[PDB]
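S.K.: Quick one: this structure, given as structure tokens, is what I'll be asking you about.
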Amino acid sequence: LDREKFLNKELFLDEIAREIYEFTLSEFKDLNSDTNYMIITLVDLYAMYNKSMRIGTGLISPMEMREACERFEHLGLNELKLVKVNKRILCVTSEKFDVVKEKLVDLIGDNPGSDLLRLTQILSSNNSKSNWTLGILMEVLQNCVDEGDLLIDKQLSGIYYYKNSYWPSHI
Amino acid sequence: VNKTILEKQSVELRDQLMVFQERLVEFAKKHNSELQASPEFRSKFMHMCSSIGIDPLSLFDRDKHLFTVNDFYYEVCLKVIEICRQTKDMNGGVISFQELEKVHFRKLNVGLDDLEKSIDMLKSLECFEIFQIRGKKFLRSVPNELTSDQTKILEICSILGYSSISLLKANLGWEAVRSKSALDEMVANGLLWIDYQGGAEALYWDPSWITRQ
Amino acid sequence: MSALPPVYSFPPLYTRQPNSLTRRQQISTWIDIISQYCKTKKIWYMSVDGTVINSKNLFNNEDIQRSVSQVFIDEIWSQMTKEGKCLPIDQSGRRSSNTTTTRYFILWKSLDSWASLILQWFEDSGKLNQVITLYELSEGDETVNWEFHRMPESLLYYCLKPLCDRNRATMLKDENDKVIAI
Amino acid sequence: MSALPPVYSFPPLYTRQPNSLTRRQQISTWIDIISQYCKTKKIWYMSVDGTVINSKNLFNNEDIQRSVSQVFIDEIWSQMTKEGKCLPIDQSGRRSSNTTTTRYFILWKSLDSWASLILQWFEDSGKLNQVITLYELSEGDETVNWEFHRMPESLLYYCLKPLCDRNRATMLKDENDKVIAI
């Protein structure tokens, strides 16, 4: 199919991008709802994209994974965007951050006191297709913690999260 | 118009370098096509391109022969990712390069210099930070760096592996409370392992000890 | 019992919240229950352990769960010192951040509002020119529809110091231990 | 490769770890050492004390520092059971949490898989017609780099039992016996 047959570096990427955009979209959309999303930390994406698609087809430099995804908007692959959200979060999503932030928050507003080990299971199960990989979970969590969107309870036992309901911080 | 002096070297030196890149890729494609399998020979050859000022990774581009060598460097980058996910419980998000070298990779012929590069590649995904301790490098998979307090603790855990409330009071000259308050912080966050059997105090251990011997 | 607000069964109240803005909020709310506990109960002072006797600790006495740190409490104390309503103490109301500021003390009214209501004893009864002391007004015969009974030895002293820079109603001392006339 | 998994000489391994996450790993580590010690050496069973003769103890062979609270060691075994490769014995392989579950057992292979391996003695050697006993494949003559030599009384039994899904190879029973044919 496509390894080192491509001479034009650019055209390669242009097509690599097309491949991923289709990979990810494959990895979720049920088309029974448009309430379904995907956030992936880029690193976690590169983990699987490569592992699954490109093993034996030719492998990818992260430098090229980053450059690839950076140009969806240009090739008119509009359902999925790549963005840096604070200093640290670098990820690809189907929706606004804020909109996905709020989603998680309110789920805790239903499942309060819960900690990651449980929040893992409950939210993202194996065959329950909500598409929260682990990596992006912690990254978002930590986020809403800073902006004051989510409240905490540290014990040795581990960290425990709650929803901000007595306190301020307007959208 | 000043022709004679300056360009006598420019013209001459320019061709020296460019035409050498070809000589370079030759030794690599011809002889060190067994480079794909030698962690030392890499670090040798790559320390030249660095000196000239060449991305060695770029020399590999045109050839079938040399496009395995990249494919190794990525293979690795793909393992480092994986490592960091499996350990995230053990070490709480941070691993010594020590661990990476000797433990997880000694199994697949990979050397510290190789790794180091891989990690400089993954700077691309804006992912892990690095940080040094008493001078040794570490690799931070989690989403926030360690307070000034936290770092010092580790510095103290470099020698023995653990750190008492007393131990803090004694070496760095820390308080009683400031220490334990900021020391229990650490176990919430999975970084340190507690050990109660230790005596009057509990001691707080650093998963890294294990690795270095 | 107002003293037990719902906000206090809430575990995050007992964990120094990281967010700058959301903390000021957290801080302001500890202040409000400390305020209410001491108003709705007889208590006057509270140690920096956060204990009291009328023996409970407000912060840890949360035994139905788990409790909270003292590296934080200072941060809470300091905000209630600045624009809040407390003064540190060892015995005397004076302060040195070590010896003389172990235990803490709190007010519902201010000292200029608390000095202004014991002046509404002697305006409303006409017992001005007479001389009484701390021992007399605090316990025994001055416990009425006025709650300043059991104002300890050192608050009486410092509570009624707005009246040296106000009208200057005289007060008296045996080698720095007090008693007042108006 | 060893019974000296480096991680193992590490003190706080033996303390019950409070971070709910750290534990996940703590326990799964322990399990990994165990299995691969009975695998590293010829060993087969281990008592709930943590005892093992080939005499010394895992949760306290590292007594040369410290050792494990049995309270916990029990928490562990039950994960090792839950999905793992351990099973509760006394004499006969069965289990009642008191009498019949004092000693414990573990494999590195599965039951299904270890059963799959004398399917290989007798499928690649074509010894399917024979009748042999437990006493005969375990010591004396069937010691080849096939390691099942020394698989005990009640386990050889248990691990041949899976040969039956709907089809199998046969086994014999009496007041007097316990033996197998293919």
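Protein chains in written order, with the UniProt record's numbering: chain A, 396 to 566; chain B, 20 to 232; chain C, 1 to 54, 72 to 199; chain D, 1 to 54, 72 to 199. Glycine included, each C-beta is placed from N, C-alpha and C at the ideal position.
In whole angstroms, what is the alpha-carbon distance linking D:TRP125 and D:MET1?
M.R.: Whole-angstrom Cα-Cα distance: 15 angstroms.
S.K.: Using the three-state DSSP reduction, which class does C:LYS178 fall into: helix, strand or coil?
M.R.: Reduced to three states, the DSSP call for C:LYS178 is helix.
S.K.: Output the residue ranges of the beta strand (DSSP E) runs that lie fully inside the stretch 150-186 of chain B and measure 3 residues or longer, sorted by chain position.
M.R.: Here the runs fully enclosed are 155-159.
S.K.: Which two residues bound the contiguous beta strand (DSSP E) that contains C:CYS103?
M.R.: That run of the beta strand (DSSP E) goes 103-106.
S.K.: Can you tell me where the beta strand (DSSP E) with D:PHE122 in it begins and where it stops?
M.R.: Note, D:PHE122: beta strand (DSSP E), 120-123.
S.K.: Can you tell me the Cβ-Cβ gap for D:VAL7 and B:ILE100, rounded? I've got them flagged as a contact below 8 angstroms.
M.R.: Their Cβ separation, rounded to whole angstroms, is 22 angstroms, which puts D:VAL7 and B:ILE100 out of contact at 8 angstroms.
S.K.: Examine chain A for any beta-carbon lying closer than 9 angstroms to the beta-carbon of D:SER20, and answer yes or no.
M.R.: So yes, D:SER20 belongs to the interface.
S.K.: Return no unless some Cβ of chain F is closer than 9 angstroms to the Cβ of B:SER200.
M.R.: Any reference to chain F falls outside this structure, whose protein chains are A, B, C and D.
S.K.: So, does the CB of D:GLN17 fall closer than 9 angstroms to a CB anywhere in chain B?
M.R.: True, the Cβ-Cβ gap to chain B drops below 9 angstroms.
S.K.: In the stretch 496-518 of chain A, which residues sit with their C-beta less than 7 angstroms from some C-beta in chain C, listed in chain order?
M.R.: Those residues of the stretch 496-518 of chain A that come within reach of chain C (Cβ to Cβ, closer than 7 angstroms) do not exist; the list is empty.
S.K.: Is B:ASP82 near B:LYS48, with beta carbons less than 9 angstroms apart?
M.R.: Against a cut-off of 9 angstroms, the Cβ pair of B:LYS48 and B:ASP82 comes out as a contact.
S.K.: Taking all protein chains shown into account, decide if C:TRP163 is buried (16 or more other Cβ within 10 angstroms of its Cβ) or exposed.
M.R.: Exposed, by the Cβ-count rule.
S.K.: Any idea if C:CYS181 is buried or exposed, counting beta-carbon neighbours within 10 angstroms, 16 or more meaning buried?
M.R.: The residue is exposed, with fewer than 16 neighbouring Cβ atoms inside 10 Å.
S.K.: Counting pairs of Cβ atoms below 8 angstroms between the stretch 84-103 of chain D and the stretch 133-153 of chain D, do you hit three or more?
M.R.: Because the criterion of three Cβ pairs below 8 angstroms is not met, the stretch 84-103 of chain D and the stretch 133-153 of chain D do not touch.
S.K.: Looking at D:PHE89 and D:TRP131, is the spacing between their C-beta atoms short of 9 angstroms?
M.R.: Cβ distance not < 9 angstroms, so D:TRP131 and D:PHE89 don't count as in contact.
S.K.: Between the Cα of D:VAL161 and those of D:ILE135, D:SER171, D:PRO179, spot the shortest distance and give me the residue it belongs to.
M.R.: Answer by Cα proximity: D:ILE135.
S.K.: Look up residue 308 of chain B in the DSSP assignment and say whether it is helix, strand or coil.
M.R.: With chain B covering only 20 through 232, there is no way to say anything about residue 308 of chain B.
S.K.: Can you have a look at B:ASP203 and say buried or exposed, based on whether 16 or more other CB atoms are within 10 angstroms of its CB?
M.R.: Looking at its Cβ environment, which holds 16 or more other Cβ atoms inside 10 Å, B:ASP203 is buried.
S.K.: With a CB to CB cut of under 6 angstroms and the five nearest residues on each side skipped, what residues in its chain are close to B:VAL44?
M.R.: Excluding positions up to five away in sequence, the list reads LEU78.
S.K.: How about A:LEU551: is its C-beta nearer than 9 angstroms to some C-beta of chain D?
M.R.: Answer yes: the Cβ-Cβ gap between A:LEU551 and chain D drops below 9 angstroms somewhere.
S.K.: Output yes or no for whether 9 angstroms exceeds the beta carbon distance between A:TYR432 and A:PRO457.
M.R.: Contact: no.
S.K.: Let me know the secondary structure DSSP gives A:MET460 once reduced to three states.
M.R.: Helix, per DSSP.
S.K.: Skipping 5 residues on each side, what residues in its chain have a beta carbon closer than 6 angstroms to that of D:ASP129?
M.R.: Around D:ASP129: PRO179.
S.K.: At the 9 angstroms Cβ level, is D:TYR14 part of the contact set with chain B, yes or no?
M.R.: At least one chain B Cβ lies under 9 angstroms of D:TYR14.
S.K.: Quick one, which of B:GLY192, B:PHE124, B:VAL20, B:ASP74 has its alpha-carbon nearest B:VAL95's?
M.R.: Ranking B:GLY192, B:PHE124, B:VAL20, B:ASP74 by Cα distance to B:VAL95 puts B:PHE124 first.
S.K.: Can you check whether the C-beta of C:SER86 is within less than 9 angstroms of a C-beta belonging to chain B?
M.R.: Cβ-Cβ to chain B under 9 angstroms: yes for C:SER86.
S.K.: Counting only beta-carbon atoms, is A:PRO563 nearer than 9 angstroms to chain B?
M.R.: No, its Cβ sits nowhere closer than 9 angstroms to a Cβ of chain B.
S.K.: For the stretch 206-225 of chain B, which residues have a beta carbon sitting closer than 9 angstroms to at least one beta carbon of chain D?
M.R.: Answer in chain order: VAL206, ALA207, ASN208, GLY209, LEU211, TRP212, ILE213, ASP214, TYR215, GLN216, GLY217, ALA221, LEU222, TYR223, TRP224.
S.K.: Counting only runs of 4+ residues fully inside the stretch 27-67 of chain B, write out the alpha helix (DSSP H) ranges in chain order.
M.R.: Whole alpha helix (DSSP H) segments, 4+ residues: zero.
S.K.: Between which two residues does the alpha helix (DSSP H) containing A:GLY530 stretch?
M.R.: From DSSP, the alpha helix (DSSP H) with A:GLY530 extends over 529-541.
S.K.: Starting from the beta carbon of B:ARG197, find every residue of chain C whose beta carbon is closer than 8 angstroms, and list them in chain order.
M.R.: Those within 8 angstroms of B:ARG197 in chain C are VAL88.
S.K.: To which residues of the same chain is D:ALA3 closer than 6 angstroms at the C-beta, ignoring the five residues directly before and after it?
M.R.: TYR37, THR40.
S.K.: CB C:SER171 to CB C:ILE81, shorter than 9 angstroms?
M.R.: Against a cut-off of 9 angstroms, the Cβ pair of C:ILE81 and C:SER171 comes out as no contact.
S.K.: Could you say if the stretch 435-453 of chain A and the stretch 480-488 of chain A meet the contact criterion of at least three C-beta pairs nearer than 8 angstroms?
M.R.: With the cut-off at 8 angstroms, the stretch 435-453 of chain A and the stretch 480-488 of chain A touch.
S.K.: I want to verify the contact list: residues of chain B whose CB lies under 7 angstroms from the CB of A:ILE415, in sequence order.
M.R.: Those within 7 angstroms of A:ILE415 in chain B number zero; the least Cβ separation is about 13 angstroms.
S.K.: Mind pulling the chain D residues with CB within less than 9 angstroms of B:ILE184?
M.R.: Result: empty, since nearest Cβ-Cβ is about 16 angstroms, beyond 9 angstroms.
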